[PDB]
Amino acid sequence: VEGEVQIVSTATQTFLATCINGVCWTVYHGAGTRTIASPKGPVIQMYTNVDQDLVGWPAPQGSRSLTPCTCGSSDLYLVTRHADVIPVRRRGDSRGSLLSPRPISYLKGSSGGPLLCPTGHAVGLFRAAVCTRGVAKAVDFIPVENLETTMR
């Protein structure tokens, strides 16, 4: 069995990565310019984009890639590091509102995870939690078009 989403970690931070189009993407604010561990040694990022908070390495072993969305649906579904799914309604190119706000912790450690459309296709990578008094009501993300362009 292969996973499209991998739970990654650094010496100080744990978050997620998502394989899309053969690349293992994640958020620069978590990975930095780090190499990804491999049973043959460190593997370097294929892409590093500080501006977009995006970095990607070749997809690791035990993974399978996700297909980008092509239906332009605005009904998104965020998957957390605990496998929970959170319905998010898109509000724009890179922002969505949780249908049911949740404690910030509920979303902690999940940046880098996928924002899926009704078909399970990648809409974007969860970038950051937009919260008020500790309650995450919205989500910030990196649309797949960015990943796609970055791969060029």
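The numbering used is simple: start at 1 and walk along the sequence shown.
Note on 97-105 vs 113-121: mean CA B-factor is higher in 97-105.
The stretch 141-149 shows the higher mean C-alpha B-factor when 2-10 is compared against 141-149 in the entry. Per the deposited coordinates, the residue with the largest Cα temperature factor out of 66, 43, 50, 85 is 50. In the deposited entry, the Cα temperature factor of residue 36 places it in the lowest third of its chain's modelled residues. For residue 62, the recorded CA B-factor ranks within the middle third of the chain. Only modelled residues enter the ranking. In the PDB entry, a CA B factor belonging to the lowest third of its chain's modelled residues is recorded for residue 16.
For residue 135, the recorded CA temperature factor ranks within the highest third of the chain's modelled residues. Annotation for residue 79: C-alpha temperature factor in the lowest third relative to the rest of the modelled chain, per the entry.
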